[PDB]
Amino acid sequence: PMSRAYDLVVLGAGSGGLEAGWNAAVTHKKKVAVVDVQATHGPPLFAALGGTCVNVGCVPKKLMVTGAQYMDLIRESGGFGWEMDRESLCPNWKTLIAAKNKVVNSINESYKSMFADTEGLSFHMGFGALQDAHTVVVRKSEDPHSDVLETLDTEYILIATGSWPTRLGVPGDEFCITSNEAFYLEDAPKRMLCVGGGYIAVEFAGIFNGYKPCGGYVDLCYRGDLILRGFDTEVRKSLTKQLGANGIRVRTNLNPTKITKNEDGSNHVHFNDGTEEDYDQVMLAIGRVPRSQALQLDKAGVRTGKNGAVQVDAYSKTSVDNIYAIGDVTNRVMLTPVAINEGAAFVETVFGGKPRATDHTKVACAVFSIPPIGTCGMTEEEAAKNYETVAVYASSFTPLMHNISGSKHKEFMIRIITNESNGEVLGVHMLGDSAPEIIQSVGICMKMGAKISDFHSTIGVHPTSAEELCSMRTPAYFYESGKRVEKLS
């Protein structure tokens, strides 16, 4: 029967939202409205049709990291006989941004063709907010007194509005940029400060390092002792070293207290230690918080916790039974394939009749640092707490090509965290070229409950960095009852 205009209204046409909207509309023939604030990428809104990863996230970030890598690859070609004038060779940033804009734009265009050509799936441009459990309002602006454009009468509501960069909140915070503005910079900065120690700060440090003009430099300033909290300790220390050798100055236990604007348009930065310094740009990558604050969630009575995160059960359902929330807005794991999986599971549950909850354990991820990280499962620190007896397997080697390339700092590192009792693999931590590609396949094995014996019984593929996975038999050391031991009782 027809009660309402739509079966489903989706707030946010991102990784989660479009998966949900598309699945609900084509495989279940439901009537689906999808709300987003613009159709094409660009400031001041930044995010658009396709969401954060397509417009100002992993797609454009990966293109720019690929771009930055050519600095290393061009240097390394010399050893192999490639002679070119490397005297003051630095790249054209405008070329990169033009090329990246062209690619993202063509994805935005591809999503418009999807909407126009897909029956029962419609796109509603503006700002979503709830009036009640069955009514979503689309406005011209975020401001709740702005003109109402549409009133969407709907059975189910899916909240998939993702996240937004946190600010520093100090005098001169407004002279700083984020990931959002970094993507639309008119020029590659000569003197770059990346504030933060998360995967975004580190990935962007490597981009600015690759595209810096000829006398330029990148500083990475983190308020803690060691970058990349939540990652393997030895991977974090080895990457810190390898950023150093690539020319990035990593500064620990440091936070800006004050930014002021210089005469020439640069930024004077004061720090904890008393130090003052000038940077052409200062970028903040210090957190991303749910975008729940303009959705009028209290009006409809949807439970908000954490940093404005929407509370859900294993089925991504809110306090209101017809309203669901997925992706970065629910906190949990802020990854694109997770949001897509929750979106898929939401449609299977509510419209498919076949209930499913997204499995958030043993999810592999990557950091597109130079060099990159590939990780799946737990650190030895959290293994040694939750587990009786833990074996740590560890191997570091230098691909022979780096004897020729000159890049002798490029240690490839594998670390396997195991349960000593049954040999079950709890964690795999890799640092080096192709780690993100290798870890995907490792994620499959770990899903199937792979044991260390499954790794070293596999015939190697020679020569690769990945064959070292299948040559780790003897533990480096153990933990019994959460304490590190040389050898086992």
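Residue indices: 1-based, along the sequence shown. Definition used throughout: the rigid core is the maximal C-alpha set that superposes within 1.5 Å between two forms.
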* Could you say which moves further from this form in 4 other deposited structures of this protein, stretch 343-351 or stretch 80-88, by root mean square CA distance after aligning on the core? => 80-88
* Between 369-377 and 277-285, which has the larger average Cα B-factor in the PDB entry? -> 277-285
* Of 121-129 and 385-393, the one with larger mean CA B-factor -> 385-393
* To do: Name the residue from 307, 240, 108, 161 with the greatest C-alpha temperature factor listed in the entry.
  => 307
* Asked: Reading the B-factor column of the entry, which of 227, 157, 98, 300 has the highest value at its C-alpha atom?
  -> 300
* **Chain-wide C-alpha B factor ranking for residue 15, given as lowest, middle or highest third** => lowest
* To do: Consider only the C-alpha atoms of the modelled residues in this chain, order them by B-factor as the entry records it, and name the third containing residue 457: lowest, middle or highest.
  => middle
* Asked: Relative to the other modelled residues in the chain, which third contains the C-alpha temperature factor of residue 465: lowest, middle or highest?
  -> lowest
* Asked: Lowest, middle or highest third: where is residue 178 by C-alpha B factor in its chain?
  -> middle
* Structure fact -> Assert third(CA B-factor, residue 29) within chain per record equals highest
